[PDB]
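Participant: The structure follows.
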Amino acid sequence: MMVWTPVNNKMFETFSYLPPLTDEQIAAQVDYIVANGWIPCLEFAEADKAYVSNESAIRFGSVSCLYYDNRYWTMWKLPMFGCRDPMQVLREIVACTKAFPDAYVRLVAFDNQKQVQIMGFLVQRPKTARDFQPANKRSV
Amino acid sequence: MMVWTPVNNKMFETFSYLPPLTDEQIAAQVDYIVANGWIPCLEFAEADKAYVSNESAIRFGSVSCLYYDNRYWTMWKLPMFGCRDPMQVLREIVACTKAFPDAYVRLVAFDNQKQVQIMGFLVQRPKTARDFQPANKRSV
Amino acid sequence: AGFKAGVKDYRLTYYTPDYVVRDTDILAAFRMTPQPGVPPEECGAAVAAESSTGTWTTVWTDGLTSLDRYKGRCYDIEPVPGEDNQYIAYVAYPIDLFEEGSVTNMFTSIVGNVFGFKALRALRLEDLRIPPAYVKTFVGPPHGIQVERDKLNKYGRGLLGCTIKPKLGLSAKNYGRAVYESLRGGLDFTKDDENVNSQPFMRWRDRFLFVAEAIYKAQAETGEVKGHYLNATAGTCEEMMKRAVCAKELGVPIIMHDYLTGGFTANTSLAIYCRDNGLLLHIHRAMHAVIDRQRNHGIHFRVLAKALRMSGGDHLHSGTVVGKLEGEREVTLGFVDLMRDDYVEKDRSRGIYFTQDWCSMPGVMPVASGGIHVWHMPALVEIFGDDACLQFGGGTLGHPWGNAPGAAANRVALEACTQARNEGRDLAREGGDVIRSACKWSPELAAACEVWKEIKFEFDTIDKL
Amino acid sequence: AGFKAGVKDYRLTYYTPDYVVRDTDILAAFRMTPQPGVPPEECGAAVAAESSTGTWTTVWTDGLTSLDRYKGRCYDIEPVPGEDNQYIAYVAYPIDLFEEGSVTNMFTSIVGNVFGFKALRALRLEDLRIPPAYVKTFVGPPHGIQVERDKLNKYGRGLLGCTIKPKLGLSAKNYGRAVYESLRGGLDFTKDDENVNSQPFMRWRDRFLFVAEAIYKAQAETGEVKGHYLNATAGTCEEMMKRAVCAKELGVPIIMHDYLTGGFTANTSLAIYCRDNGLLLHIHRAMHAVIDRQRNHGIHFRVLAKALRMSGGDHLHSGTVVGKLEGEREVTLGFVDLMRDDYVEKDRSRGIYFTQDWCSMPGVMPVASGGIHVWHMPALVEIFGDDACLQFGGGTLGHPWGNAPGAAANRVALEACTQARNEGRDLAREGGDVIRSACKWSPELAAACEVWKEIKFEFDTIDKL
Amino acid sequence: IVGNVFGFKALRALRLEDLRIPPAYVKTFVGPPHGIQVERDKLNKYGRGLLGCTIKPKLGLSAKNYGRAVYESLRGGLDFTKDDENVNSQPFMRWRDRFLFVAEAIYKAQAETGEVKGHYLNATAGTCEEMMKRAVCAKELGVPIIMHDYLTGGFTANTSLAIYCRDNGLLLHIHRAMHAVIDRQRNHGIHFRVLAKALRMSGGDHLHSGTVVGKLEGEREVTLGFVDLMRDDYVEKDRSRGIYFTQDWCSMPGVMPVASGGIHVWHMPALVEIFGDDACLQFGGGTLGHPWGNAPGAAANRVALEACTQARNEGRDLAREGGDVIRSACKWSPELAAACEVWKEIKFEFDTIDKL
Amino acid sequence: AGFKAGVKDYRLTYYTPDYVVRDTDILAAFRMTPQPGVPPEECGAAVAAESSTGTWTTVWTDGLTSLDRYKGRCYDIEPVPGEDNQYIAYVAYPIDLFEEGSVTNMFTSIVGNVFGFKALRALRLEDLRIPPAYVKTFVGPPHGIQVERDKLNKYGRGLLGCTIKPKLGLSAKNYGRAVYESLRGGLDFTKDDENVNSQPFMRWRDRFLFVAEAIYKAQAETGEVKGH
Ligand SMILES: O=C(O)[C@@](O)(COP(=O)(O)O)[C@H](O)[C@H](O)COP(=O)(O)O
Ligand SMILES: O=C(O)[C@@](O)(COP(=O)(O)O)[C@H](O)[C@H](O)COP(=O)(O)O
Ligand SMILES: O=C(O)[C@@](O)(COP(=O)(O)O)[C@H](O)[C@H](O)COP(=O)(O)O
Ligand SMILES: [Mg+2]
Ligand SMILES: [Mg+2]
Ligand SMILES: [Mg+2]
Ligand SMILES: [Mg+2]
């Protein structure tokens with residue numbers, strides 16, 4: 001029997017329970033966005049704004065249901081409307097991570113028919129982050 | 001396309017989106033106070049009391065609407081009633097910044113007919129402040 | 001044309017095969033088995049009459065109103081291939097017949113009395129055409145698929161849930177203990193079992209509080225939004241509301257309701273409350289199979305599903321196809337569309353008798369639950385896509401290493417299949433390989449795969465098309 | 001015993017043929033049709049497990065509680081004579097499993113999921129033994145037969161009612177018109193049709209007001225207490241209550257609810273409101289035949305009737321035996337006793353699987369309604385006795401002389417039969433003679449007897465014992 | 001005053017130009033919830049006009065994307081964003097979902113910038129009960145400001161809402177949707193100055209005043225006249241500005257004028273010159289239409305406004321040197337440069353219908 | 001089809017002369033007088049845009065949603081006989097644009113801003129097609145013609161009413177006095193003048209009470225149902 005560690009084992013929603021994505025695996029996800037005609041977009045946030053929190057609720061009456069701070073991240077430029085080139089997306093990842101090397105950065109895509117984000121995953125965490133485990137150390 | 005940085009890009013109300021005011025530009029604003037017969041005044045705050053915050057709302061019911069801590073700063077001496085000398089204001093900026101070299105300091109002016117602050121801008125920030133950007137690094 | 005007392009055939013007034021349906025009419029498709037010597041026309045006409053304006057003998061009061069305007073109409077009768085004595089009778093009900101916003105009233109007319117008639121042997125409501133003009137009178141689901149995903153900040157994969165077990169008998173503290181351990185391993189949701197309400201072994205408010213602690217601990221630990229469907233199902237509306245109120249005051253995301261055992265009137269009330277206070281509402285379909293299991297008699301689930309969508313719910317159980325409970329593949333795909341989509345075309349090979357226009361009413365999230373485990377993951381992702389919630393009760397609390405590893409196993413399997421589909425792999429055919437690759441990689445998953453490898457649920461399907 | 005992961009047979013834990021039932025246990029009798037190659041024992045065990053404490057694989061959390069204390073138990077399996085693959089499986093549920101005062105919760109456990117199991121082909125709940133210890137947790141019916149008769153000041157005969165027709169399409173004024181004319185001819189009650197709620201052609205508050213005027217006019221004219229079951233059935237609990245409130249504020253005696261289409265949660269709320277404000281509550285069983293018509297699958301009406309008695313109602317429709325809707329004689333006599341009496345003995349020839357002790361909870365008044373007329377009167381008095389309400393919608397509004405003579409005819413027939421029975425005449429054999437003697441004497445009755453003389457409802461019975 | 005007389009057969013046309021509301025009548029009104037002085041004081045904002053922005057497209061955005069657009073606009077330097085006047089509660093976005101996501105956006109932007117932020121949440125609804133429910137939610141979220149369409153909602157609802165705002169400390173932004181149905185034609189209807197007086201009495205912290213230079217009609221002199229009527233305590237009879245009567249407001253708080261509708265960075269000098277500091281300047285398309293997104297769009301408007309303010313304070317004449325001030329700020333701010341490039345040739349010059 | 005900042009003609013997106021209106025669409029007929037040198041097509045498109053989804057310059061947020069689904073549509077332009085510069089512009093609004101049961105919201109979109117546009121000289125809303133699917137979202141009139149007649153027990157003739165005069169200035173007692181004398185003569189109804197609310201010369205609750213007395217006196221006298 002192995003025990004799932006509660007210490008410094010924060011996750012990041014979709015795909016964070018898999019081994020870290022290789023460049024080839026990120027590229028295949030981008031192909032999937034393009035093949036489906038979805039709108040690619042990058043978002044980023046500094047370390048303190050990366051995880052869901054409650055601070056604003058101090059100002060609330062009894063209305064905190066489904067309210068969390070840090071759901072919104074900062075948009076990198078604009079959603080790439082009409083983009084059919086995977087290389088264009090990959091270049092924007094490089095550009096975004098170059099400008100903000102100490103930020104959390106995630107790639108997302110939007111469907112405009114349903115009007116909802118239809119996919120998303122983390123592409124960069126700061127190298128100073130200590131709150132996560134490598135796959136083989138998630139249980140002990 | 002350039003991206004407006006969310007990281008350490010705190011502002012300070014009026015004039016903070018311009019290049020930092022020169023001594024000549026500060027002097028011209030002071031002339032504008034005197035020319036209109038407004039009451040000059042200086043206010044100051046330590047770093048922790050500089051920006052709007054919510055800590056007191058912990059004591060509230062549902063009444064936090066338009067309540068914020070740190071709107072009030074500490075008055076330097078008294079408002080300079082009947083001041084008709086721009087040099088007098090400038091010397092008070094020097095005295096105030098000398099006594100509190102590690103404080104945020106702002107120059108304000110009051111109109112007594114409307115009974116309201118009619119202008120104001122920051123004249124000093126602590127040199128240890130790391131939560132702001134120079135004009136040319138506000139976008140990346 | 002005066003008042004003439006006495007009995008006459010229903011078909012004289014209620015069988016109108018030349019009638020052109022109106023875009024505002026409610027349409028019903030009944031599977032009808034008449035008694036020997038009762039013509040299909042008269043049987044369909046009886047069903048139309050006794051679910052709209054008529055009774056067994058002529059009444060004089062007809063003349064005071066306009067039967068033409070209000071009467072239900074059997075406008076078409078279809079023979080059923082392979083059956084000597086079974087027909088699809090189509091009935092059209094003018095919009096004036098129904099109370100705005102009331103699933104209760106719609107059910108009261110259309111399924112109220114006709115199923116008990118001596119003149120028929122069996123009757124089944126297969127489908128309903130709810131016209132846009134009627135759909136617009138309903139508040140509908142509190143949030144729906146898009147808003148839910150937006151509030152939970154979850155995109156790009158199915159949601160993962162889990163029913164705490166044993167069904168009954170656990171104390172509030174242990175319930176919270178089981179909830180914390182399941183959520184912290186990668187599940188988005190846990191839930192009260194449908195019959196967990198308030199009982200001697202566990203009172204509801206004790207549970208709600210400990211569960212809240214568990215939710216907030218798991219959330220802090222994982223940095224992902226977590227929830228637990230707290231059951232508001234109760235004996236009275238007052239009790240139901242008290243429980244919803246407490247959830248609201250704990251700031252938790254989601255509650256649940258058993259809409260058939262609680263009822264449509266209670267459920268609508270709860271949906272409206274959930275709308276006004278920003279709670280997600282998970283709907284359990286307890287009792288549905290009493291109504292919808294048999295081919296010859298009852299109401300098909302797709303109608304119960306339509307009814308729920310109108311009444312209000314952000315989630316509704318859809319069946320699994322592959323688990324312990326019945327649900328045929330094509331029929332399921334058909335009602336999943338009716339639950340989720342804005343516009344669904346007539347498609348008799350999936351049991352869709354009518355084109356259904358939902359006129360922008362939010363979609364309901366399907367919930368696949370009951371007897372599923374990790375090896376079912378590929379099939380589940382392939383049937384439902386991302387817009388679904390997949391629940392592993394036994395498939396979590398039955399893991400040899402406990403709830404947290406159990407959850408991680410399910411989470412790994414879901415994410416592995418999702419990644420594989422996104423890369424162009426066929427989950428219908430490469431499903432086993434995807435799971436096996438993940439096994440050699442994740443020990444938690446390996447342990448789950450080993451324990452449930454031989455477990456299948458393959459029985460002859462009762463509810464056929 | 002430690003925790004051992006993996007699937008095992010339900011029968012190892014949930015088939016207990018040597019169990020001695022407790023006097024506080026809820027008992028259930030399931031008609032069970034298992035899939036080929038599923039032993040009856042394992043099938044009955046699955047039903048017991050999945051309606052109580054178990055799921056499809058072993059869970060570690062069992063060890064934290066006491067399965068012995070909480071588990072449902074299949075304790076007996078009975079072969080069905082004449083059937084190769086049908087069984088009566090008896091299940092015992094400990095009282096701890098149920099929320100006090102909640103029919104919703106009882107239904108959620110006992111009939112929640114088990115009917116949809118792949119391992120069975122069909123399932124029907126035939127009967128429930130509700131123990132006194134559980135019965136006492138329910139407020140029950142607002143008044144009951146004794147109190148109702150006392151408040152209405154009516155004794156020594158069946159009560160007479162009438163559903164206004166056409167079902168839908170009448171205006172509020174014409175509704176009251178019809179109500180006044182029916183009440184003034186000798187009917188005690190009239191009623192909203194089950195699907196009359198609030199609609200474009202007639203809004204509820206308009207109807208309530210005009211009907212009140214009609215009730216008070218008829219009462220003043222005849223010198224007898226009069227009522228009209230005003231329908232509180234609605235889309236939401238809030239709407240239902242507003243309608244209840246209006247009736248209270250009009251000072252009228254009686255309202256109604258469709259308890260299955262509205263739901264148990266709403267129904268219990270209304271029953272408690274009626275208790276606290278002194279309104280009689282007439283219960284309509286709309287939708288029941290969707291659930292209770294077929295012999296092989298569903299829930300028999302006797303259970304739906306027990307459930308209603310616990311939830312609360314002063315009246316409940318019981319069927320007519322002789323009218324347009326199905327109801328076998330012996331079975332009907334059985335559940336009528338279950339609705340009315342304090343103590344009913346096990347009697348398999350009437351479908352009573354369990355001795356039922358009601359521990360002083362008031363009796364519910366049976367309502368015979370649906371395709372009856374004056375010639376049925378003898379058979380109706382013979383079946384039900386005085387403690388029943390007999391309802392003639394078409395049988396009143398279909399009279400050739402209008403509602404008043406229609407009511408007078410029904411009143412005369414009822415009273416003639418009641419007199420004859422009191423005099424020692426056998427209504428089973430002398431029925432026709434009593435009606436004929438009353439015909440030659442009453443012209444209103446004669447006109448009714450002429451019109452409906454040849455009208456009978458005789459079809460092969462679907463729901464057999 | 002306007003109930004029946006306009007429908008008389010004996011007249012061909014009738015227009016109410018002005019009302020003299022005497023102090024003895026003005027005193028019977030609760031009036032605006034806070035007014036210009038109190039508003040600035042609660043927001044802690046002095047020495048420049050306020051900047052706002054209407055989210056676009058008007059309808060069709062989900063609640064999440066609404067908040068997304070709100071966040072990105074607010075963080076760039078705008079003080080306020082707003083629901084479009086016809087954004088209430090609809091199939092594509094229900095009001096409570098919007099309120100919550102917007103609150104998240106307000107608080108994120110505020111923490112990021114260190115400046116007080118707000119978003120006019122629309123309480124406009126079908127019934128008073130619905131309106132109040134929306135107001136209650138805003139109160140319970142602790143947000144600074146809500147909005148109401150006072151003519152399409154109506155004066156009775158508006159006065160109710162204004163009193164509620166007074167009693168709970170909410171700022172109330174008034175949209176004048178429908179006014180031009182009433183006030184456009186010179187021969188018939190009611191002149192806006194009267195609709196503006198009515199609003200001040202009924203209650204509003206903000207009221208739309210027109211832009212003079214943007215996509216919607218507003219003659220300069222007439223606008224300067226009713227802006228005075230909205231803001232000041234005492235306004236003298238002045239026929240060249242359409243003021244028929246001396247108006248004494250007897251200390252009733254002033255209403256903040258809101259200039260909105262087809263304005264962009266080049267209009268900034270003219271806007272600051274017409275209104276002065278006590279106004280709100282709103283750029284919907286002028287922010288969401290920026291080539292670099294909402295944040296740079298907001299930064300461009302903020303830079304333009306502050307540049308013009310600085311210039312005016314230095315003694316520069318914004319009527320003549322306006323173009324130079326903007327160009328100097330362009331060469332300095334790339335956000336502003338991008339805005340100036342896109343809208344350089346864009347003007348709204350048509351013949352004025354409502355003349356004096 | 002990317003994001004392209006800048007101004008472009010409304011007609012490119014909002015003039016759709018080939019559009020087939022839906023049965024759930026709200027339809028408006030505007031009497032339109034455009035400025036000189038503004039084409040009717042562009043003027044109708046502006047009215048359609050600025051009363052539905054559009055503004056004066058292109059916004060990037062359009063791409064997040066589906067303009068095809070939400071946009072108002074100028075689908076037909078009709079010349080007015082006898083007029084050089086007047087047109088009837090027909091606009092279609094998808095039902096999604098409106099709040100259920102709110103006349104306020106419908107007015108706010110359709111007549112909210114467009115009447116004040118510099119590009120037109122005059123604008124008049126002539127008619128609206130309210131589709132059944134939208135009509136059903138409204139509670140509507142408390143009772144309506146049939147129910148009213150039924151409650152009043154009045155059939156077979158027009159009803160007769162009367163407004164008390166002078167409009168203003170009468171005391172509550174005199175108001176009730178005039179009400180009684182008018183009702184008892186054969187009028188079914190009397191009424192407060194539109195501007196009679198509550199004022200120094202007569203407070204509303206005083207009036208209601210005296211009027212009640214008048215109503216009940218007239219009713220008892222004539223034997224006919226009376227109201228005010
Ligand atoms: O009680 C149960 O059996 C479950 O909690 C599943 O438990 P497991 O995950 O342990 O199997 C669900 O309520 C059923 O899935 C309901 O059936 P359906 O979804 O078909 O309505
Ligand atoms: O709608 C009807 O058909 C009735 O009003 C009877 O009308 P008539 O008197 O005109 O036949 C009753 O609701 C049925 O009796 C219900 O059936 P049950 O009592 O078996 O539940
Ligand atoms: O709907 C609109 O057009 C606006 O949001 C402006 O949008 P843009 O900023 O994108 O132009 C405003 O409501 C109008 O200014 C109202 O007109 P007014 O102020 O004259 O009442
Ligand atoms: Mg369950
Ligand atoms: Mg009926
Ligand atoms: Mg707007
Ligand atoms: Mg008048």
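The way I read the labels, and the way they are meant: chains A, B, ... in the order of the structure tokens, residue 1 as the first residue of every chain, and ligand 1 as the first ligand shown, with later ones counted on from there.
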Within 6 Å of ligand 3, which residues show up when you count only C-alpha atoms and all ligand atoms? List them as a PyMOL selection string, please.
Facilitator: (chain E and resi 54+84-85+176-177+208+210+216+259-262+282-285) or (chain F and resi 55-56+113)
Participant: Please dump the current selection as an mmCIF file, in the first residue's frame; keep N, CA, C and O atoms.
Facilitator:
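File produced: part-v4.cif:
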```cif
data_model
loop_
_atom_site.group_PDB
_atom_site.id
_atom_site.type_symbol
_atom_site.label_atom_id
_atom_site.label_comp_id
_atom_site.auth_asym_id
_atom_site.auth_seq_id
_atom_site.Cartn_x
_atom_site.Cartn_y
_atom_site.Cartn_z
ATOM 1 N N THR E 54 -18.133 50.755 -21.655
ATOM 2 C CA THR E 54 -19.216 49.806 -21.811
ATOM 3 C C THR E 54 -18.692 48.543 -22.484
ATOM 4 O O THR E 54 -18.067 48.612 -23.541
ATOM 5 N N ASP E 84 -23.950 47.149 -20.574
ATOM 6 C CA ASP E 84 -24.665 47.923 -21.569
ATOM 7 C C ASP E 84 -26.105 48.097 -21.063
ATOM 8 O O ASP E 84 -26.617 47.232 -20.340
ATOM 9 N N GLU E 85 -26.734 49.215 -21.431
ATOM 10 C CA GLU E 85 -28.083 49.546 -20.973
ATOM 11 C C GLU E 85 -29.098 48.414 -21.127
ATOM 12 O O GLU E 85 -29.980 48.267 -20.276
ATOM 13 N N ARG E 176 -29.800 57.031 -19.693
ATOM 14 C CA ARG E 176 -30.965 57.782 -20.180
ATOM 15 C C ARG E 176 -31.609 57.167 -21.423
ATOM 16 O O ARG E 176 -32.225 57.887 -22.213
ATOM 17 N N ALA E 177 -31.485 55.843 -21.566
ATOM 18 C CA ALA E 177 -32.110 55.088 -22.664
ATOM 19 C C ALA E 177 -33.531 55.553 -22.884
ATOM 20 O O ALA E 177 -34.281 55.716 -21.921
ATOM 21 N N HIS E 208 -26.013 60.395 -17.905
ATOM 22 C CA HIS E 208 -25.466 60.619 -19.229
ATOM 23 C C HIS E 208 -25.857 61.998 -19.755
ATOM 24 O O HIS E 208 -27.019 62.389 -19.688
ATOM 25 N N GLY E 210 -24.476 63.282 -22.935
ATOM 26 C CA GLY E 210 -24.047 63.423 -24.326
ATOM 27 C C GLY E 210 -22.570 63.784 -24.400
ATOM 28 O O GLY E 210 -21.940 64.047 -23.370
ATOM 29 N N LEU E 216 -23.693 60.367 -31.127
ATOM 30 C CA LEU E 216 -25.060 60.796 -30.812
ATOM 31 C C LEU E 216 -25.174 62.321 -30.743
ATOM 32 O O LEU E 216 -24.209 63.004 -30.373
ATOM 33 N N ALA E 259 -20.165 61.470 -20.267
ATOM 34 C CA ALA E 259 -20.005 61.606 -21.709
ATOM 35 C C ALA E 259 -19.609 60.248 -22.266
ATOM 36 O O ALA E 259 -18.597 59.663 -21.862
ATOM 37 N N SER E 260 -20.424 59.751 -23.192
ATOM 38 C CA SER E 260 -20.330 58.390 -23.704
ATOM 39 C C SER E 260 -20.979 58.336 -25.079
ATOM 40 O O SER E 260 -21.981 59.017 -25.318
ATOM 41 N N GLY E 261 -20.405 57.535 -25.978
ATOM 42 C CA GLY E 261 -20.977 57.308 -27.306
ATOM 43 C C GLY E 261 -20.120 57.725 -28.491
ATOM 44 O O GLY E 261 -20.201 58.868 -28.960
ATOM 45 N N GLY E 262 -19.308 56.788 -28.984
ATOM 46 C CA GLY E 262 -18.507 56.992 -30.194
ATOM 47 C C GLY E 262 -17.352 57.966 -30.025
ATOM 48 O O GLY E 262 -16.967 58.659 -30.971
ATOM 49 N N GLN E 282 -16.540 57.888 -21.085
ATOM 50 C CA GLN E 282 -16.689 56.461 -21.315
ATOM 51 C C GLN E 282 -16.353 56.042 -22.727
ATOM 52 O O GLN E 282 -16.842 56.618 -23.702
ATOM 53 N N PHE E 283 -15.512 55.020 -22.812
ATOM 54 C CA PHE E 283 -15.020 54.525 -24.071
ATOM 55 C C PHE E 283 -15.305 53.019 -24.170
ATOM 56 O O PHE E 283 -14.582 52.193 -23.597
ATOM 57 N N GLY E 284 -16.385 52.672 -24.865
ATOM 58 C CA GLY E 284 -16.752 51.272 -25.077
ATOM 59 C C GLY E 284 -15.931 50.714 -26.221
ATOM 60 O O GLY E 284 -14.934 50.006 -26.018
ATOM 61 N N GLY E 285 -16.333 51.058 -27.433
ATOM 62 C CA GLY E 285 -15.539 50.736 -28.599
ATOM 63 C C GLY E 285 -14.145 51.338 -28.542
ATOM 64 O O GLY E 285 -13.202 50.787 -29.106
ATOM 65 N N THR F 55 -21.455 48.370 -31.975
ATOM 66 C CA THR F 55 -21.075 49.748 -31.678
ATOM 67 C C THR F 55 -20.353 50.347 -32.904
ATOM 68 O O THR F 55 -20.418 49.764 -33.999
ATOM 69 N N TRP F 56 -19.679 51.486 -32.721
ATOM 70 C CA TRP F 56 -19.208 52.337 -33.823
ATOM 71 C C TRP F 56 -17.888 51.891 -34.464
ATOM 72 O O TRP F 56 -17.548 52.349 -35.570
ATOM 73 N N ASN F 113 -31.255 53.704 -27.758
ATOM 74 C CA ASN F 113 -30.246 54.692 -28.173
ATOM 75 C C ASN F 113 -30.421 55.253 -29.570
ATOM 76 O O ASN F 113 -30.077 56.396 -29.830
#
```
Participant: Counting only C-alpha atoms, what is within 9 Å of residue 135 of chain F, bar same-chain residues fewer than 5 positions away, as a list in words?
Facilitator: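 Counting only C-alpha atoms, the residues come to residues 133 of chain C; 100, 101, 130 and 140 of chain F.
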Participant: Can I get the selection written as a compact mmCIF listing (two decimals), in the first residue's frame, with N, CA and C atoms?
Facilitator:
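Printed below is out00.txt as written:
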```txt
# COMPACT_ATOMS: atom_id res chain seq x y z
N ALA C 133 -42.36 28.05 -27.70
CA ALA C 133 -43.32 28.91 -27.00
C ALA C 133 -43.64 28.44 -25.58
N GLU F 100 -37.12 37.70 -20.38
CA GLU F 100 -38.47 37.17 -20.29
C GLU F 100 -39.32 38.02 -19.36
N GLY F 101 -40.48 38.43 -19.84
CA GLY F 101 -41.46 39.13 -19.00
C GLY F 101 -41.17 40.58 -18.68
N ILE F 130 -44.62 41.02 -31.79
CA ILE F 130 -44.30 40.25 -30.60
C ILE F 130 -44.72 38.80 -30.87
N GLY F 140 -49.00 39.26 -18.14
CA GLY F 140 -50.03 39.97 -18.87
C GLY F 140 -51.09 40.58 -17.97
```
Participant: Per residue of chain D within 9 Å of ligand 4, which atom pair is closest and at what distance in Å (one decimal), using only C-alpha atoms and all ligand atoms, listed by chain and increasing number, as CSV?
Facilitator:
```
residue,atom,partner,partner_atom_place_in_ligand_line,distance
D:50,CA,ligand 4,1 (Mg),8.5
D:55,CA,ligand 4,1 (Mg),8.7
D:112,CA,ligand 4,1 (Mg),8.4
D:113,CA,ligand 4,1 (Mg),7.6
```
Participant: Given the choices F:23, F:62, F:127, F:224, which gets closest to chain C if the distance is worked out from only C-alpha atoms?
Facilitator: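 Smallest separation from chain C among the options: F:23.
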Participant: Check which residues fall inside 7 Å of ligand 1 when counting only C-alpha atoms and all ligand atoms, and print them as a list in words.
Facilitator: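 The residues near ligand 1 are residues 162, 163, 167, 193, 194, 284, 285, 286, 317, 318, 319, 325, 367, 368, 369, 370, 371, 372, 391, 392, 393, 394 and 395 of chain C; 50, 55, 56, 113 and 116 of chain D.
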Participant: So that I can see what lies close to segment 416-430 of chain D, please list as a list in words the residues with an atom at most 9 Å from it, counting only C-alpha atoms and leaving out residues fewer than 4 positions away in the same chain.
Facilitator: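 Residues meeting the cut-off are residues 156, 157, 158, 377, 378, 379, 381, 382, 385, 386, 411, 412, 434, 435, 437 and 438 of chain D.
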Participant: Provide as an MDAnalysis selection string the residues of chain F at most 9 Å from chain D, counting only C-alpha atoms.
Facilitator: chainID F and resid 143 146:147 150:151
Participant: Skip segment 63-69 of chain A itself and residues of its chain fewer than 4 positions away, then list as an MDAnalysis selection string all residues within 9 Å of it, counting only C-alpha atoms.
Facilitator: (chainID A and resid 49 51:57) or (chainID C and resid 151:152 225 247:254 277:280) or (chainID E and resid 100:101 103:105 107:108 137 140:141)
Participant: Give me, as CSV, each residue of chain E that comes within 6 Å of chain F, together with its shortest interatomic pair and the distance in Å at one decimal, counting only C-alpha atoms, with rows ordered by chain and rising residue number.
Facilitator:
```
residue,atom,partner,partner_atom,distance
E:57,CA,F:53,CA,5.0
E:58,CA,F:53,CA,4.4
E:59,CA,F:53,CA,5.2
E:60,CA,F:70,CA,5.9
E:86,CA,F:109,CA,5.4
E:89,CA,F:99,CA,5.6
E:90,CA,F:99,CA,4.9
E:91,CA,F:96,CA,5.8
E:126,CA,F:102,CA,4.0
E:152,CA,F:104,CA,5.2
E:153,CA,F:104,CA,5.7
E:177,CA,F:112,CA,4.4
E:178,CA,F:112,CA,4.6
E:180,CA,F:116,CA,5.0
E:181,CA,F:115,CA,5.8
E:215,CA,F:118,CA,5.9
E:216,CA,F:117,CA,4.5
E:217,CA,F:118,CA,5.1
E:262,CA,F:56,CA,5.9
E:285,CA,F:57,CA,5.7
E:288,CA,F:59,CA,5.3
E:289,CA,F:59,CA,4.3
E:291,CA,F:5,CA,5.3
E:342,CA,F:6,CA,5.8
```
Participant: If we count only C-alpha atoms and set the cut-off at 10 Å, which residues sit around residue 87 of chain A, ignoring sequence neighbours fewer than 5 positions away in its own chain? Please answer as a list in words.
Facilitator: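 Here the qualifying residues turn out to be residues 27, 30, 31, 92 and 93 of chain A.
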Participant: Using only C-alpha atoms, determine which residues lie at most 10 Å from residue 294 of chain E, disregarding the query and same-chain residues fewer than 4 positions distant; provide the list as a PyMOL selection string.
Facilitator: (chain A and resi 75+77-78) or (chain B and resi 4) or (chain E and resi 53+55+68-76+78+284-290+298-300) or (chain F and resi 59-61)
Participant: Please check the contacts: residues of chain E at most 9 Å away from chain C, using only C-alpha atoms, listed as a list in words.
Facilitator: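 Taking only C-alpha atoms into account, residues 62, 63, 64, 91, 92, 93, 94, 96, 97, 100, 101 and 133 of chain E sit within 9 Å of chain C.
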